[PDB]
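Next up: just one chain, as structure tokens, the form deposited in one PDB entry.
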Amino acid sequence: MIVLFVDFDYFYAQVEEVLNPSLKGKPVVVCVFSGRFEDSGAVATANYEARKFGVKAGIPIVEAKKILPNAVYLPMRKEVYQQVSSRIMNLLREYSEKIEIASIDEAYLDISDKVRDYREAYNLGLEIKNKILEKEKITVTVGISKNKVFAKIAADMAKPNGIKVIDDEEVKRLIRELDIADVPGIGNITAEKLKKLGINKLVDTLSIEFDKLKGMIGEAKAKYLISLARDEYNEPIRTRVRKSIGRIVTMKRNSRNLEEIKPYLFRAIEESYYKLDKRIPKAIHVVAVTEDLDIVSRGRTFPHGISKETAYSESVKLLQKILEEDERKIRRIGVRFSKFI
């Protein structure tokens, strides 16, 4: 299997630069403003001019403005980015029908039937890079390797505006030298738990016994790291289907008074049904973000599709179950739909 992974560089920030080229060279910070208070929310992404100074995805906008008060802070325009993304994804389908769109700015292409060796692949990668740049003015990073994971790692090493191949030999070196924390799917919590087990590189997962790994990081993650260490990972590039869709809204003030919360929830449902866009869910979950920012949720699965009306009444019952089983105040209240017909 020969895999070509495309990762659009600082995508939201880049798209804003394309739509307003005068931003190029300036620190650009794309944020999600929550509404709770002045500059409350989080940074969705920052271009490298802003990243240099520590402004990166996930940090509070207030924290970012204390570092770069003069940087350009733009509200996230998801719809715009999604459309530019769709167009780029379409360009990618012209190089391979076997495409897995992992997210709005990442895609895996199984180009096995299209290229013979890694030299080909690389040339295709440069062709893909140039095409996107020409058609959309977006620079991407291409990662090429034997499976989806190393192609992603390849891209992680080559970004931004890069292209890296990791041949069957460098894979073996990485299985020994790469910080296991740099492996896709292993976030801060699993990394730290692996550290306490004594595992720091992929090869180490082989020295530990399975039941110990399984107990610490979980069966799924355990088999995954082991398969990677054994150089046996070969998951197929497949079409990804969004499994759940939701809407979470911030309330004007923290509450646990059902009638104060209701409007927000109902609006969340009303807007969720629009994003469902034809999809009919058989499951619904009411999500409550408490005052200490913890998450509590309650859901129910139906033997049939859920109508907006059924959603309205069931959500209230579910929200009551939250307020009943959890005593904290609700900051944000949302709904989530899944198990589509």
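Basically, rigid core = biggest C-alpha set you can superpose within 1.5 Å across the two forms. Sequential numbering from 1, following the sequence displayed.
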query	finding
Stretch with the greater mean C-alpha B-factor as recorded in the entry, comparing 168-176 against 239-247	168-176
Which of 200-208 and 137-145 has higher mean CA B factor, as the PDB entry lists it	200-208
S227, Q82, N257, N90, ranked by C-alpha B-factor: the highest one	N257
Residue with maximal Cα B-factor (values as given in the PDB entry) among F302, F53, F37, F33	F37
Lowest, middle or highest third - CA B-factor, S112	highest
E49, C-alpha B-factor rank within chain (lowest, middle or highest third)	middle
Position of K152 among the chain's modelled residues by C-alpha B-factor, lowest, middle or highest third	lowest
Chain-relative CA temperature factor third for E309	lowest
Chain third (lowest, middle, highest) by recorded CA B-factor, residue given as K193	highest
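Just so it is clear, the following notes concern the form deposited in another entry, a form of the same protein that is not shown.
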{"property": "Residue among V80, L206, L126, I104 whose Cα moves 2 Å or more between this form and the one not shown, once the rigid core is superposed", "result": "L206"}
{"property": "C-alpha of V140 moved at least 2 Å between this form and the one not shown on rigid core", "result": "no"}
{"property": "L197: Cα shift of 2 Å or greater between this form and the one not shown (core-aligned)", "result": "yes"}
{"property": "Did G185 shift 2 Å or more between this form and the one not shown, C-alpha, core superposed", "result": "no"}
